[PDB]
There are 2 protein chains.
Amino acid sequence: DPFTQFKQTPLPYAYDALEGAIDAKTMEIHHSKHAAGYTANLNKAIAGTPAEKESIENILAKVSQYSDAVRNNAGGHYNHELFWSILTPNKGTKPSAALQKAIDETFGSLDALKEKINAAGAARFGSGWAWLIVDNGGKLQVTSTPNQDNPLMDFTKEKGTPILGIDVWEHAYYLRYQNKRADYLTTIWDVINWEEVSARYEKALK
Amino acid sequence: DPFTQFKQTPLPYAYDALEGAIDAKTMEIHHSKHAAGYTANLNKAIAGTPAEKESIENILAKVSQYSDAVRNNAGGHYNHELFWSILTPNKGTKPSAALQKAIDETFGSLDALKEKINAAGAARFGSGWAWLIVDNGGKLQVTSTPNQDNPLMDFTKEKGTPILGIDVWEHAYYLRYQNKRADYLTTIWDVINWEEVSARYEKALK
Ligand SMILES: [Mn+2]
Ligand SMILES: [Mn+2]
């Protein structure tokens, strides 16, 4: 049906393509059950409200005006859509020259950035997400959020445009890693698509 | 070491005793990794603080006065300790006459109570717990809380003494049920120890 407000973008890889870090079963359930449910519930939650024809960014920017169902499913849809786009089976991507320079000046090195993201992800108690954002000063920042909340939401304290998010809900890693979230965080870097992260950074600065 | 403030209780059954509803691998990780960590981090968090010599119930009753590490691990330890005690491989336990009468007058029947708990469990977005509590007027209530929070905490909306808690963190059900939290909730009734729930009820009314 072309007329639904929100859709899942087709995945640019197979469910078993990311086995360097994420098992195939997780990819399939995570995409076709969890994430698909956020999209369907978002379409339902916005129906008949002022969010009905708004962009996802605009819904998040005014999210406190809407029901909790809009919040949780708008976050869910946005976050997962971003997450799929920043994974890849192709090894060895790296930040653009401009992103690399910004990472080095802000954190020291790519390793130092990964350490900070890993630590933020580990420190998120319960369900949530780790983020790399561009703030309203054009500055890079590492944050985390609970549940499906994100740095675009009106009430979020550390606001900015996400260029990278890593899912630390237990559903994202339990089948392969069980309690070992830190091993998931260490390993996921092998499938992060730094070309996509870099394209998002370019747009955030414009 | 007899002098630590908090210790875990070993399971009063085998890890595979609950395989009607819960896989052995989950029981082992859940008790030896997640719940062991909450106990250890609780003992560390309260050390050298006023919580250091307080009972777990008293810590929780003032938990807003302490750090997040105290709140999260005090809840974690209490909730898991209660959880293990209300599971059993002994099939066909039933509420005591006193508890059954209160259940029937408040909810209508045992099935009605189960429905209500299953619904609270399903509606808890993110990580948390579903609870049956005895409130401060002696009456039964069904609630849910986020993360490791619980009804003994000073800032919980619906306060009371828990007699039954069901863990709806993904780690509690993902290996066996994946996204199907509702199937987990339906099935877990097979292993609820109503004899322990009834003992907790009797004590709560005092
Ligand atoms: Mn997810
Ligand atoms: Mn648990």
# chains A, B, ... in the order shown; residues from 1 in each chain; ligands from 1
>>> residues_near_ligand(ligand="ligand 2", cutoff="7 Å", atoms="only C-alpha atoms and all ligand atoms", output="VMD selection string")
chain B and resid 30 34 to 35 80 167 169 171 to 172
>>> interface_residues(of="chain B", to="chain A", cutoff="9 Å", atoms="only C-alpha atoms", output="PyMOL selection string")
chain B and resi 26+29-30+33-34+72+125-128+146-148+169-171+174-175+178-179
>>> write_last_selection(atoms="C-alpha atoms", output="mmCIF file, in the first residue's frame")
data_model
loop_
_atom_site.group_PDB
_atom_site.id
_atom_site.type_symbol
_atom_site.label_atom_id
_atom_site.label_comp_id
_atom_site.auth_asym_id
_atom_site.auth_seq_id
_atom_site.Cartn_x
_atom_site.Cartn_y
_atom_site.Cartn_z
ATOM 1 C CA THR B 26 18.365 -18.453 30.737
ATOM 2 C CA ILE B 29 22.684 -16.620 32.997
ATOM 3 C CA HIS B 30 19.882 -14.772 34.680
ATOM 4 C CA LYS B 33 25.319 -13.034 35.605
ATOM 5 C CA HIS B 34 22.500 -10.457 35.758
ATOM 6 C CA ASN B 72 19.263 0.353 40.250
ATOM 7 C CA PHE B 125 7.421 -0.369 27.292
ATOM 8 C CA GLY B 126 11.148 -1.143 27.512
ATOM 9 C CA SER B 127 12.568 -3.007 30.475
ATOM 10 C CA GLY B 128 10.673 -3.610 33.722
ATOM 11 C CA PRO B 146 10.443 0.514 34.744
ATOM 12 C CA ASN B 147 13.929 -1.005 34.829
ATOM 13 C CA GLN B 148 14.654 -2.332 38.344
ATOM 14 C CA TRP B 169 13.253 -7.436 30.784
ATOM 15 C CA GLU B 170 14.140 -9.088 27.425
ATOM 16 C CA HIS B 171 16.875 -11.119 29.122
ATOM 17 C CA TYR B 174 14.510 -13.687 24.675
ATOM 18 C CA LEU B 175 16.389 -16.994 24.280
ATOM 19 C CA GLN B 178 12.338 -13.815 21.309
ATOM 20 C CA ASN B 179 9.881 -10.966 20.628
#
>>> atom_distance(atom1="CA of residue 88 in chain B", atom2="CA of residue 59 in chain B")
28.3 Å
>>> select_by_dssp(residues="chain A", states="strand (DSSP E)", output="list in words")
residues 128, 129, 130, 131, 132, 133, 134, 140, 141, 142, 143, 144, 145, 146, 161, 162, 163, 164, 165, 166 and 167 of chain A
>>> write_last_selection(atoms="N, CA, C and O atoms", output="PDB file, in the first residue's frame")
ATOM      1  N   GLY A 128      17.761   1.001  25.628  1.00  0.00           N
ATOM      2  CA  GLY A 128      18.075   2.294  25.035  1.00  0.00           C
ATOM      3  C   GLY A 128      19.017   2.267  23.883  1.00  0.00           C
ATOM      4  O   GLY A 128      19.217   1.201  23.267  1.00  0.00           O
ATOM      5  N   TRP A 129      19.621   3.409  23.584  1.00  0.00           N
ATOM      6  CA  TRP A 129      20.462   3.645  22.442  1.00  0.00           C
ATOM      7  C   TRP A 129      21.654   4.469  22.818  1.00  0.00           C
ATOM      8  O   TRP A 129      21.544   5.396  23.605  1.00  0.00           O
ATOM      9  N   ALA A 130      22.803   4.173  22.194  1.00  0.00           N
ATOM     10  CA  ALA A 130      23.976   5.070  22.197  1.00  0.00           C
ATOM     11  C   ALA A 130      24.041   5.858  20.894  1.00  0.00           C
ATOM     12  O   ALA A 130      23.734   5.293  19.831  1.00  0.00           O
ATOM     13  N   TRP A 131      24.453   7.116  21.002  1.00  0.00           N
ATOM     14  CA  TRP A 131      24.441   8.040  19.858  1.00  0.00           C
ATOM     15  C   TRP A 131      25.718   8.818  19.680  1.00  0.00           C
ATOM     16  O   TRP A 131      26.342   9.210  20.665  1.00  0.00           O
ATOM     17  N   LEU A 132      26.006   9.122  18.429  1.00  0.00           N
ATOM     18  CA  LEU A 132      26.911  10.187  18.033  1.00  0.00           C
ATOM     19  C   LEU A 132      26.051  11.194  17.292  1.00  0.00           C
ATOM     20  O   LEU A 132      25.395  10.831  16.326  1.00  0.00           O
ATOM     21  N   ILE A 133      26.045  12.422  17.808  1.00  0.00           N
ATOM     22  CA  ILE A 133      25.239  13.487  17.272  1.00  0.00           C
ATOM     23  C   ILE A 133      26.078  14.693  16.866  1.00  0.00           C
ATOM     24  O   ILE A 133      27.207  14.875  17.336  1.00  0.00           O
ATOM     25  N   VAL A 134      25.492  15.542  16.039  1.00  0.00           N
ATOM     26  CA  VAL A 134      26.021  16.868  15.748  1.00  0.00           C
ATOM     27  C   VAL A 134      25.124  17.842  16.465  1.00  0.00           C
ATOM     28  O   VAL A 134      23.917  17.918  16.140  1.00  0.00           O
ATOM     29  N   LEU A 140      30.518  17.539  17.537  1.00  0.00           N
ATOM     30  CA  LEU A 140      30.202  16.153  17.826  1.00  0.00           C
ATOM     31  C   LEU A 140      30.087  15.882  19.302  1.00  0.00           C
ATOM     32  O   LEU A 140      30.840  16.359  20.112  1.00  0.00           O
ATOM     33  N   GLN A 141      29.089  15.056  19.641  1.00  0.00           N
ATOM     34  CA  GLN A 141      28.793  14.639  20.983  1.00  0.00           C
ATOM     35  C   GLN A 141      28.286  13.243  21.071  1.00  0.00           C
ATOM     36  O   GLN A 141      27.556  12.767  20.209  1.00  0.00           O
ATOM     37  N   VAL A 142      28.725  12.527  22.109  1.00  0.00           N
ATOM     38  CA  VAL A 142      28.274  11.178  22.414  1.00  0.00           C
ATOM     39  C   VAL A 142      27.251  11.232  23.523  1.00  0.00           C
ATOM     40  O   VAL A 142      27.468  11.890  24.556  1.00  0.00           O
ATOM     41  N   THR A 143      26.117  10.554  23.325  1.00  0.00           N
ATOM     42  CA  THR A 143      25.066  10.518  24.329  1.00  0.00           C
ATOM     43  C   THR A 143      24.408   9.135  24.365  1.00  0.00           C
ATOM     44  O   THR A 143      24.746   8.261  23.555  1.00  0.00           O
ATOM     45  N   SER A 144      23.532   8.930  25.349  1.00  0.00           N
ATOM     46  CA  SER A 144      22.616   7.805  25.292  1.00  0.00           C
ATOM     47  C   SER A 144      21.234   8.269  25.688  1.00  0.00           C
ATOM     48  O   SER A 144      21.061   9.323  26.373  1.00  0.00           O
ATOM     49  N   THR A 145      20.261   7.455  25.270  1.00  0.00           N
ATOM     50  CA  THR A 145      18.836   7.684  25.591  1.00  0.00           C
ATOM     51  C   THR A 145      18.127   6.434  26.018  1.00  0.00           C
ATOM     52  O   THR A 145      18.545   5.331  25.646  1.00  0.00           O
ATOM     53  N   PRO A 146      17.067   6.568  26.815  1.00  0.00           N
ATOM     54  CA  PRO A 146      16.272   5.412  27.235  1.00  0.00           C
ATOM     55  C   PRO A 146      15.270   5.012  26.187  1.00  0.00           C
ATOM     56  O   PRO A 146      14.761   5.835  25.423  1.00  0.00           O
ATOM     57  N   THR A 161      21.543  16.303  15.855  1.00  0.00           N
ATOM     58  CA  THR A 161      21.225  15.403  14.729  1.00  0.00           C
ATOM     59  C   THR A 161      22.024  14.125  14.837  1.00  0.00           C
ATOM     60  O   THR A 161      23.266  14.126  14.758  1.00  0.00           O
ATOM     61  N   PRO A 162      21.354  12.985  14.983  1.00  0.00           N
ATOM     62  CA  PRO A 162      22.085  11.703  15.058  1.00  0.00           C
ATOM     63  C   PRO A 162      22.752  11.357  13.737  1.00  0.00           C
ATOM     64  O   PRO A 162      22.134  11.497  12.650  1.00  0.00           O
ATOM     65  N   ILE A 163      24.033  10.995  13.796  1.00  0.00           N
ATOM     66  CA  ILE A 163      24.710  10.448  12.623  1.00  0.00           C
ATOM     67  C   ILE A 163      25.075   8.962  12.722  1.00  0.00           C
ATOM     68  O   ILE A 163      25.376   8.286  11.715  1.00  0.00           O
ATOM     69  N   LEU A 164      24.995   8.475  13.962  1.00  0.00           N
ATOM     70  CA  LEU A 164      25.236   7.085  14.302  1.00  0.00           C
ATOM     71  C   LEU A 164      24.459   6.759  15.562  1.00  0.00           C
ATOM     72  O   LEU A 164      24.473   7.557  16.496  1.00  0.00           O
ATOM     73  N   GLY A 165      23.726   5.648  15.526  1.00  0.00           N
ATOM     74  CA  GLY A 165      23.072   5.118  16.720  1.00  0.00           C
ATOM     75  C   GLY A 165      23.313   3.637  16.803  1.00  0.00           C
ATOM     76  O   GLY A 165      23.252   2.948  15.746  1.00  0.00           O
ATOM     77  N   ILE A 166      23.525   3.124  18.018  1.00  0.00           N
ATOM     78  CA  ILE A 166      23.673   1.693  18.267  1.00  0.00           C
ATOM     79  C   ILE A 166      22.631   1.261  19.298  1.00  0.00           C
ATOM     80  O   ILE A 166      22.549   1.831  20.374  1.00  0.00           O
ATOM     81  N   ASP A 167      21.843   0.294  18.902  1.00  0.00           N
ATOM     82  CA  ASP A 167      20.741  -0.253  19.695  1.00  0.00           C
ATOM     83  C   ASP A 167      21.303  -1.080  20.848  1.00  0.00           C
ATOM     84  O   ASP A 167      22.025  -2.076  20.560  1.00  0.00           O
TER      85      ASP A 167
END
>>> atom_distance(atom1="CA of residue 57 in chain A", atom2="CA of residue 202 in chain A")
17.1 Å
>>> residues_around(residues="residue 187 in chain A", least_positions_apart="3", cutoff="8 Å", atoms="only C-alpha atoms", output="VMD selection string")
chain A and resid 20 to 21 183 to 184 190
>>> residues_around(residues="residue 201 in chain B", least_positions_apart="4", cutoff="7 Å", atoms="only C-alpha atoms", output="list in words")
residues 99, 163, 197 and 205 of chain B
>>> select_by_dssp(residues="range 31-153 of chain A", states="alpha helix (DSSP H)", output="JSON, numbers by chain")
{"A": [36, 37, 38, 39, 40, 41, 42, 43, 44, 45, 46, 56, 57, 58, 59, 60, 61, 68, 69, 70, 71, 72, 73, 74, 75, 76, 77, 78, 79, 80, 81, 82, 83, 84, 85, 97, 98, 99, 100, 101, 102, 103, 104, 105, 106, 107, 110, 111, 112, 113, 114, 115, 116, 117, 118, 119, 120, 121, 122, 123]}
>>> atom_distance(atom1="CA of residue 95 in chain B", atom2="CA of residue 109 in chain B")
11.3 Å
>>> closest_residue(among="A:61, A:152, A:185, A:22", to="residue 135 in chain A", atoms="only C-alpha atoms")
A:152
>>> residues_around(residues="residue 85 in chain B", least_positions_apart="6", cutoff="12 Å", atoms="only C-alpha atoms", output="MDAnalysis selection string")
chainID B and resid 8:13 78:79 163:166 191:200
>>> closest_residue(among="A:120, A:45, A:168, A:153", to="residue 58 in chain A", atoms="only C-alpha atoms")
A:153
>>> closest_residue(among="A:73, A:156, A:64, A:93", to="ligand 1", atoms="only C-alpha atoms and all ligand atoms")
A:73
